[PDB]
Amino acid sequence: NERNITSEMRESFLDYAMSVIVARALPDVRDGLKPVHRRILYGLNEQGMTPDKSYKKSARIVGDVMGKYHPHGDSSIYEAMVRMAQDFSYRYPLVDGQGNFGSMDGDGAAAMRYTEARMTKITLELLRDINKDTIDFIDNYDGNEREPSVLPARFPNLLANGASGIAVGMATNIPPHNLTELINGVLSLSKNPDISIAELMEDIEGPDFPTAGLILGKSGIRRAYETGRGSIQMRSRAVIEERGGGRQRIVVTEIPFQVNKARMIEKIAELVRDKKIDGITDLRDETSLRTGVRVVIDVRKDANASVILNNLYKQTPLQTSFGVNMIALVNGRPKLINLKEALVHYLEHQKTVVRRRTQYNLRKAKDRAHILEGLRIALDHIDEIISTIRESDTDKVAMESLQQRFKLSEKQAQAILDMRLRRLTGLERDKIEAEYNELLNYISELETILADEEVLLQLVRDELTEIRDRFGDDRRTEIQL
């Protein structure tokens, strides 16, 4: 019939904008993932593509993810997966990929038909206890599948790997961090709810990029930690070595995060070709698999290498700023957060996961105890049980007779009818008793956790500590003060 152009534009643009904000471009505060990444990692989990298992074809993964979880282009899915496997993009890679997954020179990965992928070992920690009712599941786009709303994420993934995302009306740009630092920070926070950002920074020095390099100063870091917004200068690792006859050369071995190496060299050569910079004689990318990143800039005899190097920082991506803008989803809404907020939201997420996991374990263990109690009754009075079943004309009658005679529940009665004859042998009765005895031990341990929040919080601590010891590594990015 009729539709006002103003109403249409406002409605349609808000529809798109909100969707990009909440369901595309911005990561969750709890697991640090976007929809596409969480659907890739969940997809890997469902098809049992674990580190111990062999690589699977990338086309099969992207097809499974596209079909079940992500009703979007293959390009957007595949390219997302490739990033999580790149050791130059991801500080803690979440995907293990075999084949050509791209280089720092910005050549793309091989088409998905050549490559194979699987989980990394730390990705198991993202997904640990996902099947234990720790997180809520929601319908998928078509409603024929279920998908997680958030992963348990047993390590602080938002701050570890960081994120960048161009949304609508806003964006996010969060630098990666060191896992040993972050967990130490979370442990500190857990011991002091009224801890300062200042004190948190004793654990968390600043960003830690997979590409190492150098951070200039700590004032940039402090501001971004305090307000969620700040500018951190990333510098290449370059040295000047004398060459004899007064000659010098600049050797670059580490470049700023998210900088394309080939493109950076092109820029340098562009400045030399246009004579925008003075004193450079030769430019060679001697990067090899043996040496790693290596860029050699030869320098004329008369020219001062220090001046040339400083000029290269100003004029090229040799020095680059990372503009921190810490917008994550909190309770389904875009929020500019500070370092403490992000850690706090995560800790609360862990507490819930651990509390829900314990509740689930207690539910299952008590169910299993109920069953074992029924089996214990059955094996202790087996002669009576046999007779009761044999005198029964149908399975239904046997059900009722067992419940009446032995004061059994319906579930107990079913388990007895489902019992194999091999269970009547000597070893099995001791097996049921031993299983039931240690179960009672387990039930009380879980109750102790649910009885005291102090016990539960220590459990969170200890699990993070185990994840720190196993997956923690050295700082790569040197912060020069």
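Between two forms, the rigid core is defined as the largest C-alpha subset superposing within 1.5 Å. Note that residue numbering begins at 1 and tracks the sequence as displayed.
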Root mean square C-alpha distance from this form after a core fit in 7 other deposited structures of this protein: higher for 268 to 276 or for 161 to 169?
268 to 276
Of the stretches 220 to 228 and 235 to 243, which sits farther from where it is here in 7 other deposited structures of this protein, on average over its Cα atoms, after fitting the core?
235 to 243
Can you tell me which stretch has the higher mean Cα B-factor, 205 to 213 or 387 to 395?
387 to 395
Hey, which bit's got the bigger mean C-alpha B factor in the entry, 234 to 242 or 274 to 282?
274 to 282
Candidate residues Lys267, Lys335, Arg118, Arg91, the one whose C-alpha B factor the record puts highest:
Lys267
Taking the values straight from the PDB record, which of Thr172, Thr253, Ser401, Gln258 has the highest C-alpha temperature factor?
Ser401
Relative to the other modelled residues in the chain, which third contains the C-alpha temperature factor of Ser288: lowest, middle or highest?
middle
Third assignment of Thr425 from its chain's C-alpha B-factors:
highest
Ranked by Cα temperature factor within the chain, is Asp96 in the lowest third, the middle third or the highest third?
lowest
Taking the chain's C-alpha temperature factors as the reference, tell me which third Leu151 falls into: lowest, middle or highest.
lowest
Quick tally, chain-level thirds of C-alpha B-factors: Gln414 sits in the middle
